[PDB]
Amino acid sequence: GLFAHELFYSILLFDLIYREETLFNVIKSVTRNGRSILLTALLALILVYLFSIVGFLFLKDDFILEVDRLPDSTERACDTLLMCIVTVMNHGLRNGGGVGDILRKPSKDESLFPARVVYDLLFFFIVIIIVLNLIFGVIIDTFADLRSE
Amino acid sequence: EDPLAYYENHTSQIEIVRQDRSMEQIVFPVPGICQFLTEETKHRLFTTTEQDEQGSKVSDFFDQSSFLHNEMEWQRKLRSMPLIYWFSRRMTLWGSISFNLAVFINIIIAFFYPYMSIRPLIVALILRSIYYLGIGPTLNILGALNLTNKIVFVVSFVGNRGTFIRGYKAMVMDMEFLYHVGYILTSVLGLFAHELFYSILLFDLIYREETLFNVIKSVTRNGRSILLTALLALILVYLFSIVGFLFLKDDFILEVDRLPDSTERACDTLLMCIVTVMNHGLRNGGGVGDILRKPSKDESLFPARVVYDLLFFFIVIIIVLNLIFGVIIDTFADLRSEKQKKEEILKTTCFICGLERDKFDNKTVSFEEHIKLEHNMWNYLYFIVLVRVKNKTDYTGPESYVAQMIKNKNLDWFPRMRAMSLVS
Ligand SMILES: Nc1ncnc2c1ncn2[C@@H]1O[C@H](COP(=O)(O)OP(=O)(O)OP(=O)(O)O)[C@@H](O)[C@H]1O
Ligand SMILES: [Ca+2]
Ligand SMILES: [Zn+2]
């Protein structure tokens, strides 16, 4: 920080964890079963990978994403499986409703509307409501175990 | 080389309770077939047996005695056969290699599809294969290696676990065997039908990692409650859709993007209104009010719309949806408590007689000595095998009583809540 750049001093703010036992105890909930948390994250990644495979195979056209260009307004995001995986992981996981939010809004007259509905609801329930909540459940269980010990 | 050492190592002792309710000590020579038993099976039996209503594991141990004996026989035969022994011993190696291969093939498929420690060294080899032969040839070679290794692994598995010993029907019955056959089928489909079929193999992480299986057990143990809560949510969504169709139909206008108007009505039929509510209100954080049309204040239905949206939010989004997470959280604690209780019992109680550690305090024999020498479940198993093997004519006094009790299915010859040393 002294000899290279002033913004390097920002890392020193982490000393609060060392100083305060309360914050350290709180973080111990995350750290004690961090392996469980990471395994749950890996399971989420695998499920996202399978969903991306399904979308690429059958729902490719619906993957249209808007973009802002520095000095068209839409780009296809499922031309390649890596692109589709990146889109799903980045947007569906972060969005409250899942992939259906980013995916194009389907008309009722369209034949694949039931398939799209099932796809979105399955993603929401399997990933957003169950898999993602398991990490928080693990953290709470670690809290309880630490308290009991 | 010491005869006394050999005999001491090959001699065993047990304590039995006779018909007159008196305890006696039986010293017997360890049967030869006993040495072939596997440490893995011993650990599994020790850590997996479940207490009965009365709190004794002796019943289940005696029940599994026969499977243990058959396993010992097939262990002797397997050691007799040389080549299969080498494959059987290294079961973990095949599984680890198969898992690494699955991970690598899936990584390549994800990164390149559509196209056209020694782990770092293997990664370098794969990279060179991609650079020289190409993505497709590298994937083909990796898949062939995976299939060959999975065949080796299934052979090693059937050899080690001896599932067939119970019978072909039992072998098919075993769920782990079916999982391995499903893995083989998935590998074949990946190799021949389509490359994307290799994705399903990534589920092997759950099987490999016990921690991830424990995490998923929170979802699966009380999963019926979760499905019932989902059904309750569906019922409430159905009622809300009925209300919307009857009174708030016009507000159900949803924007639509069309492939080559900008809005469409979504509550012209009750099925469609249900689909709209279930698909959109549940996924949206606020609820159905988010998708529904924004009401102007001057409109007469604004007070009704406010109540509709807030009631949906509180009943469905806040309460019903949170009940599933509450169920998962409660299952976590239930599993933790069960595990802790089982561990405490296993650590602090005798397997056979069930006496606690504290009872042995300030005594000549420690609890460790009691479990090691006085009461050894493996010594009891050895005695049972001795009774089975020995000819009826040569039975001794105690052996005859134990054999008769075994035939009559009476488990009172085991000592329960009694130890000779504690008595005197
Ligand atoms: N009745 C019992 N209650 C509690 N623990 C038991 C009981 N019987 C055996 N054990 C434990 O089961 C494990 C298996 O004991 P075992 O006689 O195989 O020990 P070992 O040290 O591997 O053998 P060895 O010294 O004869 O080569 C040991 O931890 C023993 O303490
Ligand atoms: Ca005789
Ligand atoms: Zn005992």
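Sequential numbering from 1, following the chain as shown.
Recorded method for this deposit: electron microscopy, 3.3 Å.
Every residue gets a Cβ built from N, Cα and C, even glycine.
The Zn(2+) binding site annotation in Swiss-Prot covers B:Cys350, B:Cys353, B:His370, B:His375, and the record cites experimental evidence as its basis. Taken from Swiss-Prot, the feature disulfide bond covers B:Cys267-B:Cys273, and the record attributes it to experimental evidence. The phosphoserine feature in Swiss-Prot is assigned to B:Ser421; the stated evidence is a large-scale study or a structure entry. Annotation source Swiss-Prot lists topological domain 'Extracellular' at B:143-182, citing sequence analysis. According to Swiss-Prot, the feature topological domain 'Cytoplasmic' maps to B:204-225. The transmembrane segment annotation in Swiss-Prot covers B:93-113, B:122-142, B:183-203, B:226-246, B:309-329, and the record cites sequence analysis as its basis.
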Annotated recorded positions B:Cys267, B:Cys273, B:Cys353, B:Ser421, filtered by Cβ under 6 Å to ligand 3: B:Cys353
Long-range environment of the topological domain 'Extracellular' (B:143-182) - Cβ separation under 8 angstroms, sequence gap at least 6: 67, 70-71, 74-75, 78, 84, 87-88, 90-91, 94-95, 97-98, 101-102, 105, 188, 190-191, 198, 207
Cβ contacts of B:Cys273 (disulfide bond) (under 8 Å, same chain, 6 or more positions away): B:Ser241, B:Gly244, B:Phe245, B:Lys249, B:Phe252, B:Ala266, B:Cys267
Long-range neighbours of the transmembrane segment (B:122-142), counting only residues six or more past its ends (CB under 8 A): 100-101, 104-105, 108-109, 112, 115-116, 191, 195
Residue from B:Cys350, B:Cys353, B:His370, B:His375 whose C-alpha is spatially nearest that of B:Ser421 (phosphoserine), among the binding-site residues: B:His370
CB-centroid shell, 8 A cutoff, Zn(2+) site B:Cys350, B:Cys353, B:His370, B:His375, site residues removed: B:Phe351, B:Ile352, B:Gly354, B:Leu355, B:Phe367, B:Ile371, B:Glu374, B:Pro415, B:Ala419
B:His370 (Zn(2+) binding site): tally of other CB atoms within 10 A of its CB: 23
Outside the topological domain 'Cytoplasmic' (B:204-225), six or more residues from its ends: residues with CB under 8 Å to it: 95, 98-99, 102, 179, 183, 327-332, 334-335
Where the C-beta lies under 6 angstroms from ligand 1, the matching recorded positions among B:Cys273, B:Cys350, B:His375, B:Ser421: B:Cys350, B:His375
Packing count at B:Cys353 (Zn(2+) binding site) (other Cβ atoms within 10 Å of its Cβ): 21
